[PDB]
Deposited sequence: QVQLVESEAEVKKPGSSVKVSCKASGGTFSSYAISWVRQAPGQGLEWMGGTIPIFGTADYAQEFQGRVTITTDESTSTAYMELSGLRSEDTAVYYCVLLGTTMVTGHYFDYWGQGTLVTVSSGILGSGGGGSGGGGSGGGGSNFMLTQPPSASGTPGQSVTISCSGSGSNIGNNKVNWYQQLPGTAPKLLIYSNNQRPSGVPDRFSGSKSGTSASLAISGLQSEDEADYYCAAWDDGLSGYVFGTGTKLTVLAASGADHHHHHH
């Protein structure tokens, strides 16, 4: 299952940009599509999403009246338009495919490699800025929220290696996608969630982000992100 995003673009301030996301090895109609951006060296920010079969969409509050998300069901293509562009809109804009796996019936998400848009703050869950350990140690990364988010909604965790798209590490608080080793585990209780990493390896050095829906915003919220350093000491 594959995602083609349109090419990088340089835009003038005040213009609008329309990014495409074309899916492969399937329609498309049994899934949802979310858009998430990341300014250089910064965290992850949800823009909006759509469910193609219903033709409905929802947009993050801070972009209301600026983002338009649409879908062409026949061609398996989703589009995000952002108008009134400014410097602050410089970012990598990611297409995310999400829903339920055929047969096994569990959650999955897949991120595209993103489209760089170059031109010319929002609620986030709380995470420590950094963590560290040496090979073979354990570490825990915390994520604090409130009733309307972590308290009532499923927490996901994402791993971001430098120069790569985020990747799903934990879903539904504590479930591991196939391919993620058992030394990663997730937990949540009340308004807090935690990612535990056993048997630390140098390749685990990355940024880790927790995330959940927030009932008050009616939008998806990411944590501030934690840079994990593995000290080959």
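Which parts of the deposited chain sequence are absent from the coordinates, listed in sequence order? Residues lacking C-alpha coordinates: 1, 122 to 141, 255 to 264.
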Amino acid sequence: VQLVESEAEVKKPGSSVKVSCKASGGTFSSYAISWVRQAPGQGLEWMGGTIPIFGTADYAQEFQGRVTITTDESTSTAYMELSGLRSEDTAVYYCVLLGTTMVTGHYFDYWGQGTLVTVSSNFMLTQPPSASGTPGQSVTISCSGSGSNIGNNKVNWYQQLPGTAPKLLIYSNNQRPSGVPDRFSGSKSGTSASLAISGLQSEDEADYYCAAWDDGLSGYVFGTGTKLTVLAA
From here on, numbers count along this sequence of modelled residues.
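Can you tell me whether 57 to 65 has a higher mean C-alpha B factor than 22 to 30 in this record, or the other way round? Averaging CA B-factors over each stretch, the winner is 22 to 30.
Can you let me know which of the two, 9 to 17 or 209 to 217, has the higher average C-alpha B-factor in the entry? Higher mean C-alpha B-factor in the PDB entry: 9 to 17.
For the listed residues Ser148, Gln127, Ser121, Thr100, which one has the largest C-alpha B-factor as given in the deposited model? Spelled out: the listed residue with the top C-alpha B-factor is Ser121.
Which third, lowest, middle or highest, does the C-alpha temperature factor of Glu203 belong to within its own chain? For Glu203, whose C-alpha B-factor we compare with every modelled residue in the chain, the answer is the highest third.
State the tercile, meaning the lowest, middle or highest third, of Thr77 with respect to the CA B-factors recorded for its chain. Highest third of the chain for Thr77's C-alpha B-factor.
Splitting the chain's C-alpha B-factors into thirds, which one does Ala91 fall into? For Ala91, whose C-alpha B-factor we compare with every modelled residue in the chain, the answer is the middle third.
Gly186 - Cα temperature factor, lowest/middle/highest third of chain: CA B-factor rank for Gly186: lowest third.
Classify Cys143 as lowest, middle or highest third according to the C-alpha B-factor given in the PDB entry, relative to its own chain. Answer is lowest: the recorded C-alpha B-factor places it there.
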